[PDB]
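Trainee: Below is the structure I would like to discuss, written out as structure tokens.
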2 protein chains.
Amino acid sequence: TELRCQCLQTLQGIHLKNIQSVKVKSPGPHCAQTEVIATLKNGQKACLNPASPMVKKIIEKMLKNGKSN
Amino acid sequence: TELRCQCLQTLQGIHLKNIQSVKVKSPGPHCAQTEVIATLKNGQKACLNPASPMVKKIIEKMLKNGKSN
């Protein structure tokens, strides 16, 4: 009934060397804000800022993982 | 020790009206392939194909959401 966001905070853009996975959970009838949650390769998690131009480079890269240095 | 992909299936173009969330889990030392998992607004999930020109338009858009019935 009274839900919110899955993340109260977010990152501005951390090294993608730690990020092992990226999860995007758009807003809803509860949270009218985005909340990107990435999984750390260490088992941790680091929320990203969907209002950052670096968050659109940490994802697209993730889907690429590695191409050539 | 012997892990694989977290996606047994995939969809090559799905409605962004059903998708409520997007999950991207790059490959690892087990699976050398991607496994995009998107959450349904019904509680279900629809695996996407990390090798489609539309799968990169259903995700990027998800981060934008836009409308909200």
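Numbering starts at 1 and runs along the chain as displayed.
For this deposited structure, the header notes the method as solution NMR.
Heads up, the Cβ atoms here are built off N, Cα and C, so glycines get one too.
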Trainee: Looking only at B:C31, B:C47, which is named in Swiss-Prot as the disulfide mate of B:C5?
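Mentor: Record-based pairing for B:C5: B:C31.
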Trainee: So which of the disulfide-bonded residues is most packed in, judged by how many other Cβ atoms lie within 10 Å of its Cβ, out of B:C7, B:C31?
Mentor: B:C7
Trainee: According to DSSP, collapsed to three classes, what secondary structure does B:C5 (disulfide bond) have?
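Mentor: Its secondary structure by DSSP: coil.
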